[PDB]
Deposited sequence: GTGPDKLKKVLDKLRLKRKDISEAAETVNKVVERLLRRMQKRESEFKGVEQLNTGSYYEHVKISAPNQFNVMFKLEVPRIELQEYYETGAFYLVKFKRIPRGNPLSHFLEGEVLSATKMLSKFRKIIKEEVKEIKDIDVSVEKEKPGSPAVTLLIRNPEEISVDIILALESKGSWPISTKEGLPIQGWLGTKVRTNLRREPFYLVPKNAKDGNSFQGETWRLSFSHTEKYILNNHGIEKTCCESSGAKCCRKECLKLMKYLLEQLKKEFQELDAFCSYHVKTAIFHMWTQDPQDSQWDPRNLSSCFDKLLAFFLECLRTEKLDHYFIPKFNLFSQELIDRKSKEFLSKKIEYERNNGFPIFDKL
């Protein structure tokens, strides 16, 4: 098949993984030890997340996601204007970051300042800190090795209480992964990251939960195991990610779109079509096509609910204007009806 050849292209090479991982691990481990010392972030723990650790990173091992998570007991959340995803956090450490509440930007700034200092003390490899992109929770490292490698170091508050009310009807896996899995997942802590949209607001993260789902994605426990049957769930994810990555390289009109949109859409599809047999590798083309059809409906109807926070619409008018969505619809529709020309590109 055509799509199998595309995935062959997208497949990471073990040589590149080794070289990327070795450098990334040195930098991260060093940053993590620095957080442990008079440091307000003493106690932070490393949590590897995103595509590389989910085995859905494509083309190159050039972007890695890490959470430096800090357990903060006895906190109270206030939901910020019924957004579902944004909260203010309240209660001689943390002293410097109180603002009458726990300021995201103040904590992020110190976190960042420390990172930057520790980065200057690295003569072992070519690494700098990318200029801060306002509103973003990330502190991003740019490494030169062989190639360019981005590492987004994400500060995260860990709460071990029950998940916020806004998530009660989220994570609708009962028909797919089931009730025991859902209950167990919801006993895991939840995370808040310093993303604004205000300077004191945090955003929920479920990167840990998304990771478990990606690596435990079948209705059968043996899905993709050595004594089970391979599905094409991850492969569809990759193909869709690549379509967006290629389109986004070309078209500035698509700046508002990101990979989390496609991750969220495919979670919905995996819920809608829970049976492993609905993701047979022999049906890769049909499965990818049905994913595209689903995504086009999301754009057309201007609706893509957060998998974990049903009332939060990632495709609302407030986040992405209609024109951007019409633009992306035409572009997907085109690729779909012309043999995916863009998959040959570069």
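Mind pulling out the bits of the deposited sequence that never got modelled, as residue ranges from 1?
No C-alpha for residues 1-4, 42, 97-101, 103, 112, 210-215.
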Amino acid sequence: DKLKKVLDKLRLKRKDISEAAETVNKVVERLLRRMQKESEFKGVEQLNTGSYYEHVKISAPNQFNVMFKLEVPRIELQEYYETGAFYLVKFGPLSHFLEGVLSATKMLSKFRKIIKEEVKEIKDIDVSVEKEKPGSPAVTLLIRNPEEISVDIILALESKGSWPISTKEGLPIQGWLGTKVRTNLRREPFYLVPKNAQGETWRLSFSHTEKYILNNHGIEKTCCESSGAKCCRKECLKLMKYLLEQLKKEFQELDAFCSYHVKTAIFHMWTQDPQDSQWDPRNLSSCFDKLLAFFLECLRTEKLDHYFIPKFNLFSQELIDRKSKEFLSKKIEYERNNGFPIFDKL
From here on, numbers count along this sequence of modelled residues.
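With respect to the recorded C-alpha B factors, which stretch has the higher mean value, 149-157 or 73-81?
Between 149-157 and 73-81, it is 73-81.
Stretch exceeding the other in mean C-alpha B-factor - 135-143, 239-247
Looking at the recorded C-alpha B-factors, 135-143 comes out higher on average.
For the C-alpha B-factor as written in the entry, point me to the maximum among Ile173, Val193, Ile219, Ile122.
When the deposited C-alpha B-factors of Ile173, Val193, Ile219, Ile122 are compared, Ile122 is largest.
Per the PDB entry, maximal CA B factor within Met107, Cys224, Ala265, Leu177
Max CA B-factor in the entry, restricted to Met107, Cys224, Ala265, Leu177: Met107.
Comparing against every modelled residue in the chain, figure out the third that the C-alpha B-factor of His96 lands in (lowest, middle or highest).
It falls in the top third of the chain.
Please say which third, lowest, middle or highest, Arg322 falls into when its CA temperature factor is compared across its chain.
Answer is highest: the recorded C-alpha B-factor places it there.
Rank-wise, by C-alpha B-factor, drop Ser166 into the lowest, middle or highest third of its chain.
Ranked within chain, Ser166 CA B lands in the middle tercile.
In terms of the CA temperature factor given in the entry, to which third of its chain does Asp276 belong: lowest, middle or highest?
Answer is lowest: the recorded C-alpha B-factor places it there.
Report the third (lowest, middle or highest) to which the CA temperature factor of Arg34 belongs, ranking only the modelled residues of the same chain.
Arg34: CA B-factor falls in the highest third of its chain.
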